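Below is one structure, written out as structure tokens, with a few remarks after it.
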Ligand SMILES: [Zn+2]
């Protein structure tokens, strides 16, 4: 078993290291998204 | 309730067996954490 | 009746209860069908081990944990796909193995919340997350090496 | 079957509105009118023919 193909490279980015968040909806399937739902605002804390 | 059912299970028989619990819960007016905690407190014994 | 707001069935993979009228994949085939069969980019989410096989470069130390926050930009490792479906990650002298994580079916939206100003920021939806990967150290190799 | 509201996720009950039967939640104004036929079969296990003993 040798690496015949798919010798993909891996790079690292630090531009959005402190600005990247992962939001997931456990109750909303992946089929329906909130792209069409108009948003108003979001309250957050550092 | 969707999250609760997903945690319990996604099998047809699982949902069929858990249906009665959801029905008994919906019969009452308990839908929020505050109401559920108030009910639990009312049902709590004195220490 | 609106078609994009129908009732959803419990099974997130078979929410199509009413119509107008999935075998478990592997990482090698996923990458193959993402690169050759199509060319559209895809957002992936991979879980790396706690400590990477490196040292924090001039980070004031100790054998502490070395995460991506200490490494710099540029080429850090390679992704190899051997025969029989083996998918490895050469991140230096050691080689981890990448496997398919829990198949999430619920909505996962990747967003960057940049607080450019102390009073107002910007939330930018970069894309959607569909697949999950897990990278694990090849403990068998690490043990049989020495 | 068991249906849930896409908005909040609570259980949906079948009620009668002003035009047609509909699924509705007890915690939000969300509703869904019934357009075509909807069925939920269970296929209960039938009683097999108990053969003679002996
Ligand atoms: Zn609802």
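For this structure, a couple of remarks:
- What separates the Cα centres of segment C:1-53 and segment C:82-109 is a distance of 16 Å.
- Computed from the alpha carbon atoms alone, the convex hull of chain A holds 226 Å³ per residue.
- Chain D: translational diffusion in µm²/s, Stokes-Einstein, Kirkwood Rh over Cα pairs, 10 °C, 1.306 mPa s: 112 µm²/s
- When the Gaussian network model of chain A links Cα atoms closer than 10 Å, the mean-square fluctuations of A:34, A:11, A:21 top out at A:11.
- Test item: C:68-74 mean partner chain Cβ contacts at 10 Å: 3
- FRET efficiency, 1/(1 + (r/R0)^6) with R0 22 Å, evaluated for residue C:115 and residue C:75 via beta carbons: 0.15
- Spacing of the modelled spin labels on residue C:67 and residue C:130, each 7 Å from Cα toward Cβ, amounts to 2.9 nm.
- Chain B: angle of helix B:12-27 to the longest principal axis, Cα-based, in degrees nearest 10: 30 degrees
- Ordering C:91, C:71, C:46, A:40 from the fewest to the most neighbouring beta carbons within 10 Å gives A:40, C:46, C:71, C:91.
- Inverse of mean 1/r across different Cα pairs in segment C:1-92, Kirkwood, Å: 18.1 Å
- Prolate/oblate/rounded label for segment C:34-146 (Cα gyration tensor, a/c 1.5): oblate
- Distance (nanometres) between label positions extended 7 Å along Cα→Cβ at residue A:22 and residue C:123: 1.8 nm
- If you take the alpha carbon atoms of segment C:102-146 and fit the smallest convex hull around them, that volume is 138 Å³ per residue.
- As a proxy for reagent exposure, C:104, D:20, D:25 were ordered by neighbouring Cβ count within 10 angstrom, fewest first; the result is D:20, C:104, D:25.
- Taking other Cβ atoms within 10 Å as a rough exposure proxy, C:50, C:25 sort from fewest to most as C:50, C:25.
- A viscosity of 1.567 mPa s and a temperature of 4 °C, combined with the Kirkwood radius over Cα pairs in Stokes-Einstein, give a translational diffusion coefficient for the protein assembly as shown of 53 µm²/s.
- A Förster radius of 30 Å, combined with the Cβ-Cβ distance separating residue C:38 from residue C:104, puts the computed FRET efficiency at roughly 0.90.
- 0 to 90° range, to nearest 10: angle between helix B:33-43 axis and chain B longest Cα axis: 60 degrees
- Projected-area mean, chain B, by convex hull of Cα positions, square nanometres: 4.1 nm²
- At the listed q of 0.17, 0.21, 0.23, 0.30 Å⁻¹, the Debye profile of segment C:60-100, built from one uniform point per Cα, gives log10 I(q)/I(0) equal to -0.61, -0.81, -0.89, -1.10.
For neighbour counting, all protein chains shown are included, and Cβ atoms are generated from backbone atoms with ideal geometry for every residue, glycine included. No lab work stands behind these numbers, since they all come straight from the coordinates.
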